[PDB]
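Scroll down for the structure; my scribbles are underneath it.
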Amino acid sequence: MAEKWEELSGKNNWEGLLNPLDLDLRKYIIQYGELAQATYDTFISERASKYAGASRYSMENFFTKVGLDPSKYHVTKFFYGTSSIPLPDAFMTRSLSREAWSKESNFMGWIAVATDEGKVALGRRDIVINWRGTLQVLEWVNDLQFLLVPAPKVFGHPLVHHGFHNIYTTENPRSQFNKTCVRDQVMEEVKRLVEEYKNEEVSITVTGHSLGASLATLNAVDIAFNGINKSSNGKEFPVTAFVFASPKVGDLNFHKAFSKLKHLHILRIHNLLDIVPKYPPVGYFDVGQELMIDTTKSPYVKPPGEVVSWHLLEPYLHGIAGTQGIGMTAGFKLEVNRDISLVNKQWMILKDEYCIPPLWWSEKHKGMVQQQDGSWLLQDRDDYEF
Amino acid sequence: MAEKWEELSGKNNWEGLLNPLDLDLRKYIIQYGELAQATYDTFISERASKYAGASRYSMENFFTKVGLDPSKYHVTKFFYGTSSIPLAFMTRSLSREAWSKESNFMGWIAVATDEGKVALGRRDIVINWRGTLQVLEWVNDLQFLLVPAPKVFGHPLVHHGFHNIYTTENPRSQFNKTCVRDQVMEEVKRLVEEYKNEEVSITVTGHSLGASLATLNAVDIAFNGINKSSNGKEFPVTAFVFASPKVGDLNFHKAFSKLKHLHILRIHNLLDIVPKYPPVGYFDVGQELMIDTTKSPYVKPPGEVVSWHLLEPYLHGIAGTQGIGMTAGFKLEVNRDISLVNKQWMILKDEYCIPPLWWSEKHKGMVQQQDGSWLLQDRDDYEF
């Protein structure tokens, strides 16, 4: 698995590994989905929080508090993004507090690098870039406009989604955390990590779900097109992206530019009934390889479901954990021992018989802690500096 | 406040203390409301829990973990009840290892700490009945047959469903071989016997259905002399009930008027539809204080029948009530934290930055195991 890491990261574009789904690739896709789901588990969406839109966990406590292995990667940077055009009021979370940490920016994700122990298990010094999407579907997928605009910061022919590009490249000199656009905050950290581990074997892996999957895809093409995976000593490091429930990013020239990048491979996970991969409806093209799943075939989920349940990431990972194909007689059986309770972290999806509470990923008292006064204050974020 | 405890407990039926609302009685009503609210804060309503319908906190951890002062009272018994007629009222677990298929935690009894006695002015025994957070699932469909209560009186007619929960016993059940009535009465007697040489008071609290059960339970105590000690004393019985539906008919009220060691203060919110139940043939008992939570500039207007009914809005209403008159207004006379009204619902305005329904355990009881999986372990380790 560590010895086969190049093939698992798409060296041969996952040919022969998807139908039937290879067992080690099944684990591979899930573990990078866990790093993408970690962006959701740390993101404060409660507008009452004076840290709404920010990560509630510091970089040091990160993997432990999101329920993952803290021995494998080490978080090095949180990156933040802002916008400047009319967007659906669910892309950027805005605090109701007068002591708000920020009025322009949101936590867009985090970058981590494999530890020494993790490098043994992974097979190389892996640099992971995880982009945050949103939990909401109905609030944007049917109303967000999809104008095609150029991306000079990326390509200097290719046209790209106007909304995704604006979030990706908007700067603000009067802002506290987005004087540089989120793109550059990512690239500077990727460059210093590539420089830091230039004497080792290094891979770059981008993860994302929903809107984060579109930003991750554009980010992956961006890294490979501009040689940000090339070190100062002449090494080319491979760029790989595992994206989930991805809406389309660019047009035909964007696909054409993606095809020329020979050190880049994308694997998109697509749930049958999920309507988000349909977006945008005209003029856009997918890029990379695609694995199809159908969470409807799972006997654990509550039939019949809804568009939110077919879109969220933990159902996707549960679907990958048990997928046997999407054919009419494929069935469903868990090939990995992935806890089914994870599916209820942000929604009600499991059947009642499994006795898992709905929307259970929640801090104690939703961040309220009692004072010596006996009153209660919302203290929902770790003590760290931005 | 400790020297005036008899007046605050209704020695003179709170005459001269309700309008304008005396400040010591205002704090007094809120204090007993907090004890009633602890019945909701410890109750596991999540049907996914193996312990649905039971208390999530042990009696040892109770006051600290419900956010109250743990040096004033000390919990001495959890009591349980079951039913035998069709009635939401009883929470049923979906687990195949459910702690109980018949019973629910109906409330708790505590006794004044030594230091609590100095603060309260006497050794007060408190019995707190649990109600419900739901309204429209029963207030417009629950039948209200008038039935006798032989265990209570031996003429008064009382609500069929309330009496059935109050008196149903079940051999085969783990926790209700005795009805919930006898579980309360036995603990009350031994506490009266244990403190028969001191000043003792009995205070019953309750909200919603808990208020009706608390009303029936307080009348039951005074009528059968359960407040009487073996050394001849007759300790006063006081009931502070919130958002109470009615309990009995005119003979129930007539039997209440003859009990001169009993006093009941009902807190009634203007727009709350629950105090109208049942619609015909029933009568209120005790003294009444009217409030109007919709006069508060803190709550998101105009609210709904759930917002007008829950206990924490009631206590916030009492903390800031100036009367229900058109030009009365609203202003907090005590420093009660407004965030408490968002414990079980969304009520505050957005500007106050308090999350909705925030009373919740970490991960709603989920606990990660050493292998990375999660189990629902949402109850203290204690013996039922």
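Residues in the structure tokens are named by chain (A, B, ... in the order shown) and by number from 1 within that chain; ligands are numbered from 1 in the order shown.
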
How close does chain A get to chain B? List, as a tab-separated table, each residue of chain A within 6 Å, its nearest atom pair and the distance in Å to one decimal, counting only C-alpha atoms.
```
residue	atom	partner	partner_atom	distance
A:48	CA	B:353	CA	4.0
A:339	CA	B:373	CA	5.7
A:355	CA	B:48	CA	4.0
A:356	CA	B:48	CA	5.6
A:357	CA	B:48	CA	5.8
A:360	CA	B:363	CA	5.0
A:361	CA	B:363	CA	5.0
A:362	CA	B:363	CA	4.7
A:363	CA	B:362	CA	5.0
A:364	CA	B:362	CA	3.7
A:365	CA	B:360	CA	4.6
A:366	CA	B:358	CA	5.3
A:375	CA	B:337	CA	5.5
```

Any chance you can output those residues with N, CA, C and O atoms as a short mmCIF file (atom, residue, chain, number, x, y, z; two decimals), in the first residue's frame?
```cif
data_model
loop_
_atom_site.label_atom_id
_atom_site.label_comp_id
_atom_site.auth_asym_id
_atom_site.auth_seq_id
_atom_site.Cartn_x
_atom_site.Cartn_y
_atom_site.Cartn_z
N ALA A 48 -24.02 32.56 15.64
CA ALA A 48 -23.96 33.21 16.95
C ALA A 48 -22.53 33.31 17.46
O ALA A 48 -22.23 34.19 18.27
N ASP A 339 -17.02 2.69 10.61
CA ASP A 339 -18.16 2.91 11.49
C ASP A 339 -19.29 3.61 10.76
O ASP A 339 -19.10 4.69 10.19
N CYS A 355 -29.82 3.18 16.18
CA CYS A 355 -29.71 3.88 17.47
C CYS A 355 -28.52 4.85 17.49
O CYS A 355 -27.71 4.86 18.42
N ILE A 356 -28.44 5.68 16.46
CA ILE A 356 -27.42 6.70 16.34
C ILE A 356 -28.12 8.05 16.28
O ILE A 356 -28.97 8.27 15.41
N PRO A 357 -27.82 8.99 17.19
CA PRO A 357 -28.54 10.26 17.18
C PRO A 357 -28.21 11.07 15.94
O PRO A 357 -27.12 10.92 15.36
N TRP A 360 -24.96 14.50 15.18
CA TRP A 360 -24.34 14.34 16.49
C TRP A 360 -22.96 14.98 16.60
O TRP A 360 -22.45 15.08 17.72
N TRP A 361 -22.35 15.42 15.51
CA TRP A 361 -21.06 16.11 15.64
C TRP A 361 -21.32 17.49 16.22
O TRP A 361 -21.69 18.42 15.51
N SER A 362 -21.11 17.63 17.53
CA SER A 362 -21.44 18.86 18.22
C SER A 362 -20.59 18.98 19.47
O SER A 362 -20.35 17.98 20.16
N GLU A 363 -20.13 20.19 19.76
CA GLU A 363 -19.41 20.44 20.99
C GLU A 363 -20.37 20.39 22.18
O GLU A 363 -21.59 20.52 22.03
N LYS A 364 -19.80 20.20 23.37
CA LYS A 364 -20.62 20.12 24.57
C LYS A 364 -21.35 21.43 24.80
O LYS A 364 -20.75 22.51 24.82
N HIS A 365 -22.67 21.33 24.96
CA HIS A 365 -23.55 22.49 25.13
C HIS A 365 -23.44 23.48 23.97
O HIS A 365 -23.78 24.66 24.13
N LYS A 366 -22.97 23.00 22.81
CA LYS A 366 -22.81 23.82 21.61
C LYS A 366 -21.90 25.02 21.87
O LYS A 366 -22.10 26.11 21.31
N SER A 375 -23.67 32.16 35.19
CA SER A 375 -24.15 32.40 33.85
C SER A 375 -23.34 31.58 32.85
O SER A 375 -22.40 30.86 33.21
#
```

Please provide the set of residues having any atom within 10 Å of stretch 300-315 of chain A, restricted to only C-alpha atoms, with same-chain residues fewer than 4 positions apart removed, written as a ChimeraX atom specification. /A:30,33-34,36-37,40,133-138,208-210,244-246,270-277,294-296,319-321,332,340-354

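Comparing B:243, B:52, B:310, B:2 by their smallest distance to residue B:378, the closest is B:52 (using only C-alpha atoms).
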
As number ranges by chain, please: all residues of stretch 131-280 of chain A that backbone DSSP puts in alpha helix (DSSP H). A: 152-155, 162-169, 182-196, 211-225, 252-260

Give me a file of those residues, with N, CA and C atoms, as a compact mmCIF listing (two decimals), in the first residue's frame.
```txt
# COMPACT_ATOMS: atom_id res chain seq x y z
N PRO A 152 -6.49 34.73 -15.12
CA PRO A 152 -5.10 35.16 -15.36
C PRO A 152 -4.13 34.70 -14.29
N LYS A 153 -4.56 34.65 -13.02
CA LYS A 153 -3.68 34.20 -11.95
C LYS A 153 -3.30 32.74 -12.09
N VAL A 154 -4.03 31.97 -12.89
CA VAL A 154 -3.79 30.54 -13.04
C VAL A 154 -3.10 30.23 -14.37
N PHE A 155 -3.61 30.77 -15.47
CA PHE A 155 -3.11 30.44 -16.79
C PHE A 155 -2.41 31.60 -17.50
N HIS A 162 -17.12 31.65 -12.77
CA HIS A 162 -16.90 33.00 -12.24
C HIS A 162 -16.95 33.01 -10.71
N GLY A 163 -17.91 32.30 -10.13
CA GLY A 163 -18.05 32.32 -8.68
C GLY A 163 -16.91 31.63 -7.97
N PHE A 164 -16.52 30.45 -8.45
CA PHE A 164 -15.40 29.73 -7.84
C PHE A 164 -14.11 30.51 -7.98
N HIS A 165 -13.90 31.14 -9.14
CA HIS A 165 -12.67 31.88 -9.39
C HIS A 165 -12.57 33.11 -8.50
N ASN A 166 -13.70 33.79 -8.26
CA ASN A 166 -13.68 34.98 -7.41
C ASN A 166 -13.27 34.64 -5.99
N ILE A 167 -13.86 33.58 -5.42
CA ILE A 167 -13.44 33.11 -4.10
C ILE A 167 -11.96 32.75 -4.11
N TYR A 168 -11.48 32.21 -5.23
CA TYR A 168 -10.12 31.70 -5.30
C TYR A 168 -9.08 32.81 -5.35
N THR A 169 -9.41 33.95 -5.98
CA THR A 169 -8.40 34.94 -6.32
C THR A 169 -8.67 36.34 -5.78
N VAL A 182 -6.73 33.49 -1.34
CA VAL A 182 -6.59 32.15 -0.78
C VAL A 182 -5.68 31.29 -1.65
N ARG A 183 -5.67 31.53 -2.96
CA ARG A 183 -4.78 30.80 -3.86
C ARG A 183 -3.33 30.95 -3.42
N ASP A 184 -2.89 32.19 -3.21
CA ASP A 184 -1.48 32.42 -2.88
C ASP A 184 -1.15 31.89 -1.50
N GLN A 185 -2.06 32.04 -0.53
CA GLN A 185 -1.83 31.47 0.80
C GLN A 185 -1.56 29.97 0.71
N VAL A 186 -2.23 29.29 -0.22
CA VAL A 186 -1.95 27.88 -0.44
C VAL A 186 -0.60 27.69 -1.11
N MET A 187 -0.35 28.43 -2.19
CA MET A 187 0.85 28.21 -2.99
C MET A 187 2.12 28.50 -2.20
N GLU A 188 2.11 29.55 -1.38
CA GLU A 188 3.30 29.86 -0.58
C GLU A 188 3.62 28.72 0.37
N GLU A 189 2.60 28.11 0.97
CA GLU A 189 2.84 27.00 1.89
C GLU A 189 3.27 25.75 1.15
N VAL A 190 2.68 25.48 -0.02
CA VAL A 190 3.12 24.35 -0.83
C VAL A 190 4.57 24.54 -1.26
N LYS A 191 4.94 25.77 -1.62
CA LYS A 191 6.30 26.03 -2.06
C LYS A 191 7.31 25.80 -0.94
N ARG A 192 7.02 26.28 0.27
CA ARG A 192 7.98 26.12 1.35
C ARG A 192 8.07 24.66 1.81
N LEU A 193 6.97 23.91 1.73
CA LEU A 193 7.03 22.49 2.08
C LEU A 193 7.77 21.70 1.01
N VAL A 194 7.54 22.02 -0.27
CA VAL A 194 8.31 21.41 -1.34
C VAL A 194 9.79 21.73 -1.18
N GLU A 195 10.11 22.97 -0.82
CA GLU A 195 11.50 23.34 -0.56
C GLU A 195 12.03 22.62 0.67
N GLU A 196 11.19 22.46 1.70
CA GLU A 196 11.64 21.85 2.94
C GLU A 196 12.01 20.38 2.73
N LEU A 211 -18.35 22.34 -3.12
CA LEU A 211 -17.63 23.52 -3.59
C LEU A 211 -16.14 23.37 -3.36
N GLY A 212 -15.75 22.73 -2.26
CA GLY A 212 -14.35 22.47 -2.02
C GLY A 212 -13.74 21.57 -3.08
N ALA A 213 -14.55 20.70 -3.69
CA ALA A 213 -14.06 19.84 -4.75
C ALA A 213 -13.78 20.62 -6.03
N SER A 214 -14.58 21.65 -6.31
CA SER A 214 -14.29 22.50 -7.46
C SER A 214 -13.06 23.36 -7.22
N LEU A 215 -12.95 23.93 -6.01
CA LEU A 215 -11.76 24.71 -5.68
C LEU A 215 -10.52 23.83 -5.59
N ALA A 216 -10.67 22.59 -5.12
CA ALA A 216 -9.53 21.67 -5.09
C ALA A 216 -9.09 21.30 -6.50
N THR A 217 -10.04 21.10 -7.41
CA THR A 217 -9.69 20.76 -8.79
C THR A 217 -8.97 21.91 -9.47
N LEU A 218 -9.52 23.12 -9.36
CA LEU A 218 -8.84 24.30 -9.91
C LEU A 218 -7.48 24.50 -9.25
N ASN A 219 -7.39 24.22 -7.95
CA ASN A 219 -6.11 24.37 -7.25
C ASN A 219 -5.09 23.36 -7.73
N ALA A 220 -5.52 22.13 -8.01
CA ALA A 220 -4.59 21.10 -8.47
C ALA A 220 -4.06 21.42 -9.86
N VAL A 221 -4.95 21.80 -10.78
CA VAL A 221 -4.51 22.25 -12.10
C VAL A 221 -3.57 23.44 -11.97
N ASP A 222 -3.89 24.36 -11.06
CA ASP A 222 -3.07 25.55 -10.85
C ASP A 222 -1.66 25.17 -10.43
N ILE A 223 -1.53 24.23 -9.49
CA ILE A 223 -0.22 23.85 -8.98
C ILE A 223 0.63 23.24 -10.09
N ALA A 224 0.04 22.33 -10.87
CA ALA A 224 0.79 21.63 -11.91
C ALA A 224 1.08 22.52 -13.11
N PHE A 225 0.17 23.44 -13.44
CA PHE A 225 0.39 24.31 -14.59
C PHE A 225 1.52 25.30 -14.35
N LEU A 252 -14.08 23.87 -22.25
CA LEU A 252 -13.32 22.93 -23.06
C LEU A 252 -11.83 23.21 -23.00
N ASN A 253 -11.43 24.49 -23.02
CA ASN A 253 -10.01 24.81 -22.94
C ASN A 253 -9.45 24.50 -21.56
N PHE A 254 -10.27 24.62 -20.51
CA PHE A 254 -9.83 24.18 -19.19
C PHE A 254 -9.56 22.68 -19.18
N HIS A 255 -10.45 21.89 -19.78
CA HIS A 255 -10.20 20.47 -19.94
C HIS A 255 -8.97 20.22 -20.80
N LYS A 256 -8.81 21.01 -21.87
CA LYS A 256 -7.66 20.86 -22.75
C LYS A 256 -6.36 21.14 -22.01
N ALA A 257 -6.34 22.18 -21.17
CA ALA A 257 -5.15 22.47 -20.39
C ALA A 257 -4.88 21.39 -19.35
N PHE A 258 -5.95 20.83 -18.77
CA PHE A 258 -5.78 19.73 -17.82
C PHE A 258 -5.14 18.52 -18.48
N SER A 259 -5.52 18.25 -19.74
CA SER A 259 -5.03 17.05 -20.42
C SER A 259 -3.53 17.11 -20.67
N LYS A 260 -2.97 18.32 -20.82
CA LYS A 260 -1.55 18.45 -21.12
C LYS A 260 -0.67 18.26 -19.89
```

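With atom CA of residue B:223 on one side and atom CA of residue B:18 on the other, the separation reads 26.7 Å.
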
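Excluding residue B:380 itself and same-chain residues fewer than 4 positions from it, the residues having an atom within 8 Å of it are residues 56, 57 and 58 of chain B, counting only C-alpha atoms.
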
Suppose we keep N, CA and C atoms; can you now write the selection as a compact mmCIF listing (two decimals), in the first residue's frame?
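Wrote it out as result_8.txt, contents follow:
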```txt
# COMPACT_ATOMS: atom_id res chain seq x y z
N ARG B 56 -29.97 11.00 32.77
CA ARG B 56 -28.60 10.83 32.29
C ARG B 56 -27.57 11.08 33.37
N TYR B 57 -27.94 11.79 34.44
CA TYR B 57 -27.05 12.08 35.55
C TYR B 57 -27.44 11.25 36.76
N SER B 58 -26.43 10.83 37.52
CA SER B 58 -26.69 10.18 38.79
C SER B 58 -27.09 11.22 39.83
```

Identify, on the basis of only C-alpha atoms, every residue whose closest approach to residue B:266 does not exceed 12 Å; exclude the query and any residue fewer than 3 positions from it along the same chain; express the result as a count of residues only. 37

Close residues, residue A:82 itself excluded, 7 Å, only C-alpha atoms, min 5 positions apart in chain, as a ChimeraX atom specification: /A:104-106,167,170,178

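DSSP, applied to the backbone of this structure, assigns strand (DSSP E or B) to the following residues of stretch 225-327 of chain A: residues 230, 236, 239, 240, 241, 242, 243, 244, 250, 264, 265, 266, 267, 268, 269, 270, 271, 285, 289, 290, 291, 292, 293, 301 and 323 of chain A.
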
Produce a file of the selected residues containing N, CA, C and O atoms, as an mmCIF file, in the first residue's frame.
```
data_model
loop_
_atom_site.group_PDB
_atom_site.id
_atom_site.type_symbol
_atom_site.label_atom_id
_atom_site.label_comp_id
_atom_site.auth_asym_id
_atom_site.auth_seq_id
_atom_site.Cartn_x
_atom_site.Cartn_y
_atom_site.Cartn_z
ATOM 1 N N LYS A 230 7.372 21.815 -8.630
ATOM 2 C CA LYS A 230 8.789 21.701 -8.949
ATOM 3 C C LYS A 230 9.614 22.387 -7.872
ATOM 4 O O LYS A 230 9.329 23.527 -7.494
ATOM 5 N N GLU A 236 10.338 17.151 -10.037
ATOM 6 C CA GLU A 236 8.914 17.315 -10.303
ATOM 7 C C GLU A 236 8.134 16.389 -9.380
ATOM 8 O O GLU A 236 8.258 15.163 -9.475
ATOM 9 N N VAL A 239 1.244 15.553 -8.568
ATOM 10 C CA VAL A 239 0.060 16.201 -8.016
ATOM 11 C C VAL A 239 -1.134 15.290 -8.261
ATOM 12 O O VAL A 239 -1.366 14.850 -9.394
ATOM 13 N N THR A 240 -1.887 15.005 -7.201
ATOM 14 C CA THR A 240 -3.058 14.143 -7.276
ATOM 15 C C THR A 240 -4.194 14.787 -6.499
ATOM 16 O O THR A 240 -3.966 15.399 -5.453
ATOM 17 N N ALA A 241 -5.417 14.656 -7.007
ATOM 18 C CA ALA A 241 -6.587 15.170 -6.311
ATOM 19 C C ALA A 241 -7.662 14.099 -6.234
ATOM 20 O O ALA A 241 -8.007 13.482 -7.248
ATOM 21 N N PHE A 242 -8.178 13.877 -5.028
ATOM 22 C CA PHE A 242 -9.361 13.056 -4.799
ATOM 23 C C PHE A 242 -10.492 14.001 -4.412
ATOM 24 O O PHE A 242 -10.492 14.557 -3.309
ATOM 25 N N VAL A 243 -11.443 14.196 -5.321
ATOM 26 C CA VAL A 243 -12.551 15.114 -5.097
ATOM 27 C C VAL A 243 -13.851 14.323 -5.040
ATOM 28 O O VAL A 243 -14.009 13.287 -5.699
ATOM 29 N N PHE A 244 -14.789 14.822 -4.237
ATOM 30 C CA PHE A 244 -16.046 14.143 -3.960
ATOM 31 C C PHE A 244 -17.208 15.078 -4.263
ATOM 32 O O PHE A 244 -17.171 16.258 -3.899
ATOM 33 N N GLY A 250 -14.477 24.195 -15.281
ATOM 34 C CA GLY A 250 -14.170 25.011 -16.440
ATOM 35 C C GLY A 250 -14.804 24.535 -17.733
ATOM 36 O O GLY A 250 -15.668 23.655 -17.721
ATOM 37 N N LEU A 264 -0.304 15.269 -13.280
ATOM 38 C CA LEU A 264 -1.545 15.574 -12.581
ATOM 39 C C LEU A 264 -2.583 14.511 -12.908
ATOM 40 O O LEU A 264 -2.747 14.140 -14.074
ATOM 41 N N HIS A 265 -3.279 14.025 -11.881
ATOM 42 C CA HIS A 265 -4.358 13.061 -12.060
ATOM 43 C C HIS A 265 -5.441 13.323 -11.024
ATOM 44 O O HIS A 265 -5.148 13.421 -9.829
ATOM 45 N N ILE A 266 -6.687 13.436 -11.484
ATOM 46 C CA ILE A 266 -7.837 13.696 -10.624
ATOM 47 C C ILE A 266 -8.729 12.463 -10.610
ATOM 48 O O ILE A 266 -8.954 11.836 -11.652
ATOM 49 N N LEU A 267 -9.247 12.126 -9.431
ATOM 50 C CA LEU A 267 -10.235 11.063 -9.269
ATOM 51 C C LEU A 267 -11.467 11.672 -8.611
ATOM 52 O O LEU A 267 -11.413 12.090 -7.449
ATOM 53 N N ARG A 268 -12.571 11.724 -9.350
ATOM 54 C CA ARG A 268 -13.826 12.265 -8.847
ATOM 55 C C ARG A 268 -14.729 11.123 -8.399
ATOM 56 O O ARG A 268 -14.867 10.121 -9.109
ATOM 57 N N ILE A 269 -15.334 11.273 -7.223
ATOM 58 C CA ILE A 269 -16.310 10.319 -6.708
ATOM 59 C C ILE A 269 -17.699 10.907 -6.913
ATOM 60 O O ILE A 269 -17.977 12.031 -6.475
ATOM 61 N N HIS A 270 -18.572 10.149 -7.572
ATOM 62 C CA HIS A 270 -19.861 10.650 -8.037
ATOM 63 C C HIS A 270 -20.964 9.716 -7.560
ATOM 64 O O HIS A 270 -21.014 8.552 -7.970
ATOM 65 N N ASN A 271 -21.850 10.229 -6.706
ATOM 66 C CA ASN A 271 -23.004 9.474 -6.233
ATOM 67 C C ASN A 271 -24.158 9.647 -7.212
ATOM 68 O O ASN A 271 -24.466 10.768 -7.628
ATOM 69 N N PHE A 285 -17.209 21.161 -18.518
ATOM 70 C CA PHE A 285 -16.723 19.809 -18.745
ATOM 71 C C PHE A 285 -16.011 19.311 -17.499
ATOM 72 O O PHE A 285 -15.290 20.067 -16.842
ATOM 73 N N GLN A 289 -10.478 11.296 -13.849
ATOM 74 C CA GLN A 289 -11.155 10.009 -13.775
ATOM 75 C C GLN A 289 -12.342 10.088 -12.816
ATOM 76 O O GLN A 289 -12.375 10.920 -11.905
ATOM 77 N N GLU A 290 -13.327 9.216 -13.034
ATOM 78 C CA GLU A 290 -14.564 9.231 -12.262
ATOM 79 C C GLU A 290 -14.909 7.830 -11.776
ATOM 80 O O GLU A 290 -14.930 6.882 -12.567
ATOM 81 N N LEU A 291 -15.183 7.710 -10.479
ATOM 82 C CA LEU A 291 -15.746 6.503 -9.887
ATOM 83 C C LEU A 291 -17.196 6.773 -9.508
ATOM 84 O O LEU A 291 -17.489 7.765 -8.832
ATOM 85 N N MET A 292 -18.095 5.896 -9.942
ATOM 86 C CA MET A 292 -19.514 6.025 -9.648
ATOM 87 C C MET A 292 -19.886 5.147 -8.461
ATOM 88 O O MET A 292 -19.410 4.014 -8.340
ATOM 89 N N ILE A 293 -20.732 5.683 -7.582
ATOM 90 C CA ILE A 293 -21.291 4.942 -6.460
ATOM 91 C C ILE A 293 -22.787 5.221 -6.401
ATOM 92 O O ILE A 293 -23.317 6.064 -7.126
ATOM 93 N N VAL A 301 -28.957 3.083 5.376
ATOM 94 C CA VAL A 301 -29.495 4.433 5.263
ATOM 95 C C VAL A 301 -31.017 4.387 5.230
ATOM 96 O O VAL A 301 -31.628 3.417 4.766
ATOM 97 N N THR A 323 -19.468 -0.082 -1.646
ATOM 98 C CA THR A 323 -19.959 -0.118 -3.017
ATOM 99 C C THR A 323 -19.565 -1.419 -3.709
ATOM 100 O O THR A 323 -18.477 -1.960 -3.493
#
```

For residue B:300, which of B:62, B:5, B:345, B:32 is the closest residue, counting only C-alpha atoms? B:345
